[PDB]
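Visitor: Got a structure for you, protein21.cif, holding mmCIF, C-alpha atoms and all ligand atoms.
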```
data_coords
#
loop_
_atom_site.label_atom_id
_atom_site.label_comp_id
_atom_site.auth_asym_id
_atom_site.auth_seq_id
_atom_site.Cartn_x
_atom_site.Cartn_y
_atom_site.Cartn_z
CA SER N 154 -12.04 -22.63 -22.24
CA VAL N 155 -8.29 -22.49 -21.21
CA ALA N 156 -7.79 -19.03 -22.99
CA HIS N 157 -11.02 -17.55 -21.46
CA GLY N 158 -9.77 -18.28 -17.93
CA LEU N 159 -6.22 -17.08 -18.73
CA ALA N 160 -7.42 -13.77 -20.19
CA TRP N 161 -9.82 -13.08 -17.27
CA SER N 162 -7.05 -14.01 -14.78
CA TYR N 163 -4.32 -11.86 -16.43
CA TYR N 164 -6.82 -8.99 -16.32
CA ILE N 165 -8.12 -9.50 -12.71
CA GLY N 166 -4.80 -10.64 -11.16
CA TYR N 167 -2.45 -8.25 -12.90
CA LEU N 168 -3.78 -5.52 -15.31
CA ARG N 169 -6.64 -4.47 -12.94
CA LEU N 170 -4.02 -3.95 -10.13
CA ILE N 171 -1.23 -2.11 -12.07
CA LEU N 172 -3.15 0.01 -14.66
CA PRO N 173 -4.90 2.50 -12.17
CA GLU N 174 -1.43 3.41 -10.73
CA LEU N 175 0.61 3.31 -14.02
CA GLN N 176 -0.10 6.89 -15.26
CA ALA N 177 0.98 8.41 -11.85
CA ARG N 178 4.23 6.32 -12.00
CA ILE N 179 4.77 7.39 -15.68
CA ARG N 180 4.10 11.11 -14.80
CA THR N 181 6.56 10.89 -11.86
CA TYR N 182 9.33 9.43 -14.11
CA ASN N 183 8.76 11.99 -16.97
CA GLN N 184 8.64 14.89 -14.47
CA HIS N 185 11.82 13.59 -12.75
CA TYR N 186 13.78 13.66 -16.06
CA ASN N 187 11.76 16.55 -17.71
CA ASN N 188 10.92 14.18 -20.56
CA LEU N 189 9.14 15.92 -23.38
CA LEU N 190 8.09 14.92 -26.90
CA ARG N 191 9.80 11.66 -28.18
CA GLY N 192 11.71 11.10 -24.95
CA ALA N 193 8.46 11.27 -22.95
CA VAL N 194 7.34 7.74 -21.88
CA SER N 195 3.88 7.00 -23.45
CA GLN N 196 0.93 7.09 -20.93
CA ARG N 197 -0.08 3.48 -21.94
CA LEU N 198 1.23 0.01 -21.08
CA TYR N 199 2.19 -1.75 -24.34
CA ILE N 200 1.42 -5.49 -24.25
CA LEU N 201 3.04 -7.77 -26.79
CA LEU N 202 0.75 -10.59 -28.00
CA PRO N 203 2.74 -12.94 -30.31
CA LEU N 204 0.18 -15.39 -31.88
CA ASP N 205 3.00 -18.03 -32.15
CA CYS N 206 3.29 -17.95 -28.26
CA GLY N 207 7.09 -17.33 -28.51
CA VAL N 208 7.82 -15.29 -25.38
CA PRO N 209 11.55 -14.43 -24.88
CA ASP N 210 12.65 -12.72 -21.64
CA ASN N 211 14.88 -10.11 -23.42
CA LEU N 212 13.04 -7.82 -25.90
CA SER N 213 16.36 -6.87 -27.56
CA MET N 214 16.22 -10.46 -29.06
CA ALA N 215 12.86 -10.29 -30.97
CA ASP N 216 13.96 -6.92 -32.53
CA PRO N 217 17.29 -4.99 -32.07
CA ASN N 218 15.55 -1.54 -32.41
CA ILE N 219 13.88 -2.20 -28.99
CA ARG N 220 16.41 -1.07 -26.34
CA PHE N 221 16.04 -1.01 -22.54
CA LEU N 222 16.16 2.52 -21.09
CA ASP N 223 15.11 2.36 -17.41
CA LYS N 224 12.89 0.60 -14.94
CA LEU N 225 9.65 2.41 -14.14
CA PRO N 226 9.72 3.11 -10.30
CA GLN N 227 8.26 -0.07 -8.69
CA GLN N 228 4.69 -0.26 -7.48
CA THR N 229 4.15 -2.28 -4.24
CA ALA N 230 0.89 -3.61 -2.77
CA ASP N 231 -0.07 -6.20 -0.18
CA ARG N 232 -1.24 -9.09 -2.29
CA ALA N 233 -2.65 -12.51 -1.16
CA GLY N 234 -0.30 -12.70 1.86
CA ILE N 235 2.71 -11.22 0.05
CA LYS N 236 3.53 -7.97 1.94
CA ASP N 237 4.67 -5.24 -0.50
CA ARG N 238 4.31 -7.52 -3.56
CA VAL N 239 6.48 -5.74 -6.18
CA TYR N 240 5.23 -4.76 -9.67
CA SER N 241 8.29 -4.04 -11.74
CA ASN N 242 7.91 -2.64 -15.32
CA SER N 243 10.52 -1.77 -17.95
CA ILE N 244 10.76 1.39 -20.17
CA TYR N 245 12.09 0.88 -23.75
CA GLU N 246 13.32 3.20 -26.49
CA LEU N 247 12.24 2.42 -30.03
CA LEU N 248 14.94 3.02 -32.59
CA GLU N 249 14.53 4.09 -36.21
CA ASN N 250 17.71 4.51 -38.33
CA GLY N 251 19.81 4.52 -35.10
CA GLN N 252 17.92 7.38 -33.33
CA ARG N 253 15.21 7.29 -30.58
CA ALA N 254 11.79 7.54 -32.28
CA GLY N 255 9.63 6.64 -29.24
CA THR N 256 9.57 5.68 -25.54
CA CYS N 257 7.18 3.26 -23.81
CA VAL N 258 6.65 0.65 -21.07
CA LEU N 259 6.71 -2.73 -22.91
CA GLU N 260 6.20 -6.41 -21.92
CA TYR N 261 4.78 -9.71 -23.19
CA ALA N 262 1.49 -11.16 -21.84
CA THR N 263 3.06 -14.06 -19.88
CA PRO N 264 -0.11 -16.33 -20.27
CA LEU N 265 0.93 -16.76 -23.97
CA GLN N 266 4.21 -18.39 -22.68
CA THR N 267 2.13 -20.74 -20.44
CA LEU N 268 0.04 -21.82 -23.47
CA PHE N 269 3.18 -22.76 -25.43
CA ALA N 270 4.71 -24.58 -22.40
CA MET N 271 1.34 -26.38 -21.78
CA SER N 272 1.52 -27.83 -25.31
CA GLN N 273 4.98 -29.30 -24.46
CA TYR N 274 3.83 -31.09 -21.23
CA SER N 275 2.29 -34.58 -21.83
CA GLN N 276 0.20 -34.25 -18.56
CA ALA N 277 -1.43 -31.06 -19.84
CA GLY N 278 -3.32 -32.99 -22.62
CA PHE N 279 -2.89 -29.88 -24.76
CA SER N 280 -1.85 -30.02 -28.47
CA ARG N 281 0.04 -27.54 -30.74
CA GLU N 282 -3.33 -27.03 -32.55
CA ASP N 283 -4.90 -26.18 -29.13
CA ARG N 284 -2.03 -23.69 -28.45
CA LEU N 285 -2.64 -21.61 -31.70
CA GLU N 286 -6.46 -21.71 -31.25
CA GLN N 287 -6.23 -20.72 -27.53
CA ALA N 288 -3.58 -18.03 -28.33
CA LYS N 289 -6.06 -16.23 -30.77
CA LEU N 290 -8.93 -16.67 -28.20
CA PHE N 291 -6.72 -15.26 -25.33
CA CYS N 292 -6.02 -12.06 -27.43
CA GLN N 293 -9.65 -11.64 -28.55
CA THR N 294 -10.90 -12.15 -24.95
CA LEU N 295 -8.34 -9.71 -23.50
CA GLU N 296 -9.41 -7.18 -26.18
CA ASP N 297 -13.13 -7.76 -25.24
CA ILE N 298 -12.37 -7.27 -21.49
CA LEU N 299 -10.18 -4.11 -21.90
CA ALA N 300 -12.79 -2.52 -24.24
CA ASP N 301 -15.25 -2.31 -21.24
CA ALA N 302 -12.68 -2.20 -18.37
CA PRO N 303 -12.91 0.95 -16.12
CA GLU N 304 -9.33 0.62 -14.68
CA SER N 305 -7.86 0.28 -18.19
CA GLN N 306 -9.21 2.87 -20.57
CA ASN N 307 -6.56 5.23 -22.12
CA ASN N 308 -3.58 3.47 -20.39
CA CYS N 309 -3.20 0.09 -22.17
CA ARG N 310 -2.42 -1.00 -25.78
CA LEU N 311 -2.52 -4.59 -27.14
CA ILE N 312 0.01 -5.46 -29.87
CA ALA N 313 -0.98 -8.81 -31.43
CA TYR N 314 1.35 -10.02 -34.20
CA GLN N 315 2.09 -13.00 -36.40
CA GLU N 316 5.64 -13.56 -37.71
CA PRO N 317 5.49 -14.28 -41.51
CA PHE N 323 7.12 -7.01 -40.78
CA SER N 324 8.98 -5.12 -37.96
CA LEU N 325 7.99 -5.26 -34.23
CA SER N 326 9.70 -1.91 -33.41
CA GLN N 327 7.92 -0.23 -36.41
CA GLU N 328 4.61 -1.81 -35.27
CA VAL N 329 5.05 -0.38 -31.68
CA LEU N 330 6.06 2.97 -33.33
CA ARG N 331 2.91 2.80 -35.55
CA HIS N 332 0.80 2.75 -32.35
CA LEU N 333 3.07 5.38 -30.65
CA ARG N 334 2.74 7.88 -33.59
CA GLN N 335 -1.14 7.82 -33.33
CA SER Z 154 -11.45 -26.12 -18.61
CA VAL Z 155 -10.90 -22.68 -16.89
CA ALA Z 156 -9.26 -24.36 -13.74
CA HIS Z 157 -7.01 -26.64 -15.89
CA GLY Z 158 -5.50 -23.62 -17.66
CA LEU Z 159 -5.21 -21.62 -14.40
CA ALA Z 160 -3.41 -24.43 -12.56
CA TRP Z 161 -0.97 -25.09 -15.45
CA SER Z 162 -0.33 -21.32 -15.76
CA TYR Z 163 0.24 -20.72 -12.01
CA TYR Z 164 2.70 -23.62 -12.14
CA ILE Z 165 4.55 -22.65 -15.40
CA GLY Z 166 4.43 -18.85 -14.89
CA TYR Z 167 5.14 -18.68 -11.19
CA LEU Z 168 5.91 -21.88 -9.15
CA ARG Z 169 8.33 -23.30 -11.80
CA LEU Z 170 10.31 -19.98 -11.66
CA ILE Z 171 10.46 -19.38 -7.85
CA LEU Z 172 10.66 -22.93 -6.35
CA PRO Z 173 14.23 -23.90 -7.68
CA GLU Z 174 15.65 -20.74 -5.99
CA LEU Z 175 13.48 -20.75 -2.80
CA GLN Z 176 15.59 -23.16 -0.65
CA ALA Z 177 18.82 -21.09 -1.30
CA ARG Z 178 16.91 -17.88 -0.29
CA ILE Z 179 15.49 -19.68 2.82
CA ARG Z 180 19.01 -21.04 3.76
CA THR Z 181 20.50 -17.52 3.35
CA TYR Z 182 17.84 -15.97 5.67
CA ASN Z 183 18.15 -18.74 8.37
CA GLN Z 184 21.98 -18.55 8.23
CA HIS Z 185 21.84 -14.73 8.46
CA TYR Z 186 19.79 -14.87 11.71
CA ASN Z 187 21.18 -18.29 12.95
CA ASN Z 188 17.60 -19.60 12.98
CA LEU Z 189 17.35 -23.02 14.51
CA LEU Z 190 14.47 -25.30 15.51
CA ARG Z 191 11.02 -23.49 15.68
CA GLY Z 192 12.46 -20.14 14.58
CA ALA Z 193 13.96 -21.76 11.47
CA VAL Z 194 11.88 -20.91 8.35
CA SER Z 195 10.50 -24.19 6.83
CA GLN Z 196 12.25 -25.28 3.54
CA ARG Z 197 8.83 -25.37 1.72
CA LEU Z 198 6.53 -22.72 0.23
CA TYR Z 199 3.11 -23.01 1.91
CA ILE Z 200 0.24 -22.30 -0.51
CA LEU Z 201 -3.19 -21.53 0.87
CA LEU Z 202 -6.05 -23.00 -1.21
CA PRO Z 203 -9.42 -21.79 0.22
CA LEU Z 204 -12.18 -23.79 -1.61
CA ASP Z 205 -14.58 -20.79 -1.07
CA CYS Z 206 -12.16 -18.61 -3.23
CA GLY Z 207 -12.01 -15.95 -0.46
CA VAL Z 208 -8.53 -14.47 -0.90
CA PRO Z 209 -7.72 -11.56 1.51
CA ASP Z 210 -4.45 -9.63 1.06
CA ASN Z 211 -3.58 -9.65 4.83
CA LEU Z 212 -3.18 -13.14 6.39
CA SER Z 213 -3.60 -11.67 9.91
CA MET Z 214 -7.34 -11.32 8.91
CA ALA Z 215 -8.21 -15.01 8.12
CA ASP Z 216 -6.54 -16.08 11.45
CA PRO Z 217 -4.90 -13.87 14.17
CA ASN Z 218 -2.29 -16.59 15.07
CA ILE Z 219 -0.64 -15.95 11.63
CA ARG Z 220 1.74 -12.99 12.13
CA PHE Z 221 4.11 -11.38 9.61
CA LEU Z 222 7.78 -11.74 10.59
CA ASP Z 223 9.94 -10.66 7.62
CA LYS Z 224 10.17 -10.57 3.86
CA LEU Z 225 12.25 -13.34 2.32
CA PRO Z 226 15.13 -11.58 0.38
CA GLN Z 227 13.66 -10.84 -3.11
CA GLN Z 228 14.43 -12.99 -6.11
CA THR Z 229 14.82 -11.09 -9.45
CA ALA Z 230 14.83 -12.47 -13.00
CA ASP Z 231 14.39 -11.04 -16.48
CA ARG Z 232 10.87 -12.06 -17.37
CA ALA Z 233 8.92 -11.44 -20.65
CA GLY Z 234 10.49 -7.98 -21.16
CA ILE Z 235 10.42 -7.02 -17.47
CA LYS Z 236 14.10 -6.51 -16.48
CA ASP Z 237 14.73 -7.78 -12.91
CA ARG Z 238 11.07 -8.83 -12.42
CA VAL Z 239 10.78 -9.05 -8.60
CA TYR Z 240 9.50 -12.14 -6.73
CA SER Z 241 8.66 -11.01 -3.24
CA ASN Z 242 7.62 -13.60 -0.57
CA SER Z 243 6.57 -13.16 3.06
CA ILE Z 244 7.71 -15.17 6.16
CA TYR Z 245 5.07 -15.76 8.90
CA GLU Z 246 5.17 -16.97 12.50
CA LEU Z 247 2.46 -19.35 13.61
CA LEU Z 248 1.25 -18.71 17.12
CA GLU Z 249 -0.09 -21.23 19.63
CA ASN Z 250 -1.20 -19.93 23.07
CA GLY Z 251 0.67 -16.64 22.38
CA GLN Z 252 4.11 -18.21 21.60
CA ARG Z 253 5.84 -18.93 18.22
CA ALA Z 254 5.17 -22.59 17.30
CA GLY Z 255 6.42 -22.45 13.68
CA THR Z 256 7.90 -20.30 10.90
CA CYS Z 257 7.15 -20.49 7.16
CA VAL Z 258 6.79 -18.63 3.84
CA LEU Z 259 2.98 -18.37 3.29
CA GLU Z 260 0.69 -17.03 0.51
CA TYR Z 261 -2.62 -17.67 -1.25
CA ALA Z 262 -2.79 -19.10 -4.81
CA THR Z 263 -3.97 -15.88 -6.52
CA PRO Z 264 -5.85 -17.81 -9.36
CA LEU Z 265 -8.50 -18.71 -6.69
CA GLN Z 266 -9.16 -14.91 -6.31
CA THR Z 267 -9.56 -14.63 -10.13
CA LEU Z 268 -12.15 -17.45 -10.10
CA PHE Z 269 -14.24 -15.64 -7.46
CA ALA Z 270 -13.92 -12.27 -9.31
CA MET Z 271 -14.80 -14.01 -12.65
CA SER Z 272 -18.11 -15.17 -11.12
CA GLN Z 273 -18.93 -11.50 -10.28
CA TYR Z 274 -18.32 -10.16 -13.86
CA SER Z 275 -21.37 -10.50 -16.19
CA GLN Z 276 -19.02 -10.60 -19.30
CA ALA Z 277 -17.19 -13.63 -17.89
CA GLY Z 278 -20.32 -15.88 -18.33
CA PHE Z 279 -19.18 -17.69 -15.18
CA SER Z 280 -21.60 -18.69 -12.35
CA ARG Z 281 -21.10 -19.19 -8.56
CA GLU Z 282 -21.64 -22.95 -9.24
CA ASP Z 283 -18.81 -22.75 -11.86
CA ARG Z 284 -16.56 -20.97 -9.26
CA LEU Z 285 -16.87 -23.81 -6.59
CA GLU Z 286 -16.48 -26.57 -9.24
CA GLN Z 287 -13.44 -24.85 -10.87
CA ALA Z 288 -11.93 -24.07 -7.41
CA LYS Z 289 -11.87 -27.88 -6.52
CA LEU Z 290 -10.52 -28.70 -10.05
CA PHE Z 291 -7.76 -25.98 -9.75
CA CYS Z 292 -6.53 -27.58 -6.42
CA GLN Z 293 -6.70 -31.16 -7.73
CA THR Z 294 -4.86 -30.15 -10.94
CA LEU Z 295 -2.17 -28.21 -9.04
CA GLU Z 296 -1.74 -31.29 -6.77
CA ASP Z 297 -1.44 -33.56 -9.90
CA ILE Z 298 1.19 -31.23 -11.48
CA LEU Z 299 3.33 -30.77 -8.30
CA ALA Z 300 3.30 -34.57 -7.66
CA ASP Z 301 5.41 -35.07 -10.88
CA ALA Z 302 7.12 -31.61 -11.01
CA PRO Z 303 10.99 -31.72 -10.93
CA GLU Z 304 11.43 -28.05 -9.80
CA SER Z 305 8.96 -28.55 -6.93
CA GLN Z 306 9.63 -31.70 -4.99
CA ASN Z 307 10.42 -31.19 -1.23
CA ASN Z 308 9.94 -27.35 -1.37
CA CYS Z 309 6.15 -26.81 -1.76
CA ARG Z 310 3.06 -27.65 0.36
CA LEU Z 311 -0.61 -27.19 -0.68
CA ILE Z 312 -3.09 -26.28 2.08
CA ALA Z 313 -6.64 -26.71 0.74
CA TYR Z 314 -9.39 -25.86 3.23
CA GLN Z 315 -13.14 -25.38 3.52
CA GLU Z 316 -14.55 -23.03 6.19
CA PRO Z 317 -17.42 -24.84 8.06
CA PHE Z 323 -11.30 -25.64 12.29
CA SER Z 324 -8.18 -23.38 12.65
CA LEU Z 325 -5.97 -22.24 9.70
CA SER Z 326 -2.90 -21.60 11.94
CA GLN Z 327 -3.31 -25.10 13.54
CA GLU Z 328 -3.70 -26.61 10.03
CA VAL Z 329 -0.41 -24.93 8.83
CA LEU Z 330 1.19 -26.10 12.14
CA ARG Z 331 -0.14 -29.67 11.51
CA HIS Z 332 1.87 -29.70 8.23
CA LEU Z 333 4.88 -27.93 9.92
CA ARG Z 334 5.09 -30.53 12.78
CA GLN Z 335 5.39 -33.46 10.23
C1 LIG N 401 1.00 -16.49 -16.44
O1 LIG N 401 -0.01 -16.89 -15.52
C2 LIG N 401 0.17 -16.60 -14.20
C3 LIG N 401 1.27 -15.91 -13.73
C4 LIG N 401 1.35 -15.61 -12.38
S1 LIG N 401 2.66 -14.77 -11.60
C5 LIG N 401 1.77 -14.85 -10.10
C6 LIG N 401 2.50 -14.25 -8.98
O2 LIG N 401 3.51 -13.59 -9.16
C7 LIG N 401 1.96 -14.54 -7.61
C8 LIG N 401 1.46 -13.31 -6.90
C9 LIG N 401 0.51 -12.48 -7.75
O3 LIG N 401 -0.48 -13.06 -8.25
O4 LIG N 401 0.79 -11.27 -7.92
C10 LIG N 401 0.64 -15.56 -10.14
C11 LIG N 401 0.34 -15.99 -11.48
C12 LIG N 401 -0.75 -16.71 -11.98
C13 LIG N 401 -0.84 -17.04 -13.33
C14 LIG N 401 -1.94 -17.97 -13.78
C15 LIG N 401 -3.04 -17.47 -14.74
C16 LIG N 401 -2.75 -16.14 -15.38
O5 LIG N 401 -3.34 -15.16 -14.52
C17 LIG N 401 -2.50 -14.27 -13.93
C18 LIG N 401 -1.49 -13.63 -14.61
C19 LIG N 401 -0.58 -12.82 -13.93
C20 LIG N 401 0.62 -12.21 -14.40
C21 LIG N 401 1.31 -11.64 -13.43
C22 LIG N 401 2.53 -10.82 -13.46
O6 LIG N 401 3.08 -10.40 -12.45
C23 LIG N 401 3.05 -10.47 -14.83
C24 LIG N 401 4.51 -10.82 -15.02
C25 LIG N 401 4.79 -12.31 -14.91
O7 LIG N 401 3.86 -13.10 -15.20
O8 LIG N 401 5.93 -12.66 -14.52
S2 LIG N 401 0.48 -11.63 -11.87
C26 LIG N 401 -0.76 -12.62 -12.55
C27 LIG N 401 -1.80 -13.24 -11.86
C28 LIG N 401 -2.65 -14.08 -12.53
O9 LIG N 401 -3.68 -14.77 -11.96
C29 LIG N 401 -3.81 -14.71 -10.55
#
```
How does this structure look as structure tokens?
Guide:
Amino acid sequence: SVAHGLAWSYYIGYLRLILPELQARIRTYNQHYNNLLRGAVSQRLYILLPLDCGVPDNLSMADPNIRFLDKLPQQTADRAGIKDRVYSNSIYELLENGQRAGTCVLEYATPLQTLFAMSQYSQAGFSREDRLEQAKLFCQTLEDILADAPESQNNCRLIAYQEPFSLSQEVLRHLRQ
Amino acid sequence: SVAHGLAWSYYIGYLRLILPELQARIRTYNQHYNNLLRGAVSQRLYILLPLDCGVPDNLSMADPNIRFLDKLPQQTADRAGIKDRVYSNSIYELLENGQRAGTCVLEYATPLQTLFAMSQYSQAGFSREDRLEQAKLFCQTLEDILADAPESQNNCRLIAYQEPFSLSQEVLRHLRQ
């Protein structure tokens, strides 16, 4: 299926390449700013999986309690002819009653955006019904892959959600565990 | 199918975002070094499509007449929560009898690498026969998309090839047109 390929590709072509080097980048940033307790960036990459496929580019739009703090120092790697291909990742603070309750690297799984866009292109032969079905399958497949993945054990968290409570509280729910 | 999704995703999630800004980046680099004639970087992104799905990270390995010249100045854009997500691209010189015959931005379509890797993972339920079939379908679909794509008219060239003459000569064949 479309989702099956997208999930395997997002894993092989992205997660597999950034997750083994993420914890060393996170440890470097926390040790540079002596970040302890709530101000210490979580050791895991938090991946937003909206089932509606609505992927905005600014996280401070889906929820105001998600605020950009810093960029995680870039990772570079020679990739498919691109010398020093850059892997940029953003660190966010999660607010609760105005104060910083948690700190983590956060981003959306960009294949969910593709699925929505695909449903808008006549040439794609892909319906809105296909988009919701493939969205659920993409999440389930990514979950199945990461469950067995050696690169991505204790350094990745999937956050699947359906808008009917709070995204910030949901990230914080995972962060507090 | 797996290829159909991969081609639409590579287009929507990558080509659609870098191709409208590529020619301005190319024009900036050529004007910075007063590059004219053979030393002038081609206005198109050259995408390598090996039908065997063999995607190495160093182009100077598939053919020695492909030599790294410079990095095209990075493009940055806020993308799915990643602030200033970096789009790095590499400029290559194409050699003929030791001398520079052409200059172009060159890279492999990374979804072809995913397809090969997918065929190696037992959980993917994807055979070597599926990999070759999906590889051909990925190329054909990408060609179909780019043919009608408004972002990607005169600024993208697909180079599909099957190893049985010369990759460098093949890129040069397109460059000389
Ligand atoms: C959303 O879908 C894509 C997005 C990108 S972005 C990308 C490149 O930047 C080219 C170089 C590279 O692969 O690193 C290739 C792809 C390919 C696809 C197509 C299928 C999805 O599989 C991938 C996801 C994927 C996401 C990538 C990211 O960098 C995450 C951030 C973002 O998408 O902007 S790399 C990447 C590679 C994938 O397959 C090779």
Visitor: Skip segment 168-173 of chain N itself and residues of its chain fewer than 5 positions away, then list as a VMD selection string all residues within 7 Å of it, counting only C-alpha atoms.
Guide: chain N and resid 163 304 to 305 308
Visitor: Against ligand LIG 401 (chain N), which residues of chain Z fall within 6 Å? For each one I want the closest pair of atoms and the distance in Å (one decimal), counting all atoms listed in the file, rows by chain and increasing residue number, as CSV.
Guide:
```
residue,atom,partner,partner_atom,distance
Z:159,CA,N:LIG401,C15,4.7
Z:162,CA,N:LIG401,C14,4.2
Z:163,CA,N:LIG401,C14,3.9
Z:166,CA,N:LIG401,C1,4.4
Z:167,CA,N:LIG401,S1,4.6
Z:232,CA,N:LIG401,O8,5.7
Z:263,CA,N:LIG401,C29,4.2
Z:264,CA,N:LIG401,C29,3.9
Z:267,CA,N:LIG401,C29,5.8
```
Visitor: Please provide the set of residues having any atom within 10 Å of segment 268-280 of chain N, restricted to all atoms listed in the file, with same-chain residues fewer than 3 positions apart removed, written as a ChimeraX atom specification.
Guide: /N:155-156,159,205-208,263-265,283-288,291 /Z:157-158,161-162,165-166,294,297-298,301
Visitor: Using all atoms listed in the file for the distances, tell me which of Z:237, Z:282, Z:296, Z:316 is nearest to chain N.
Guide: Z:237
Visitor: Just want the 8 Å neighbourhood of segment 217-225 of chain Z, counted on only C-alpha atoms, with same-chain residues fewer than 5 positions away dropped. Output as a PyMOL selection string.
Guide: (chain N and resi 236) or (chain Z and resi 178-179+182+212+241-249+251+258+326)
Visitor: State, in Å with one decimal place, the distance from atom CA of residue 192 of chain N to atom CA of residue 257 of chain N.
Guide: 9.1 Å
Visitor: Could you tell me which of N:228, N:307, N:256, N:184 comes closest to chain Z if we count all atoms listed in the file?
Guide: N:228
Visitor: Smallest atom-to-atom distance to chain N: which of Z:230, Z:204, Z:235, Z:193, using all atoms listed in the file?
Guide: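 Comparing Z:230, Z:204, Z:235, Z:193 against chain N, the winner is Z:235.
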Visitor: Suppose you want the space between atom CA of residue 181 of chain N and atom CA of residue 255 of chain N; what is it in Å?
Guide: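 Interatomic distance, atom CA of residue 181 of chain N to atom CA of residue 255 of chain N: 18.2 Å.
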Visitor: What does the distance between atom CA of residue 216 of chain Z and atom CA of residue 324 of chain Z come to in Å, to one decimal place?
Guide: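 Result for atom CA of residue 216 of chain Z versus atom CA of residue 324 of chain Z: 7.6 Å, one decimal.
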Visitor: Taking into account all atoms listed in the file, which residue in the set Z:195, Z:252, Z:187, Z:266 is nearest to chain N?
Guide: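 Going through Z:195, Z:252, Z:187, Z:266 one by one, the smallest distance to chain N is for Z:266.
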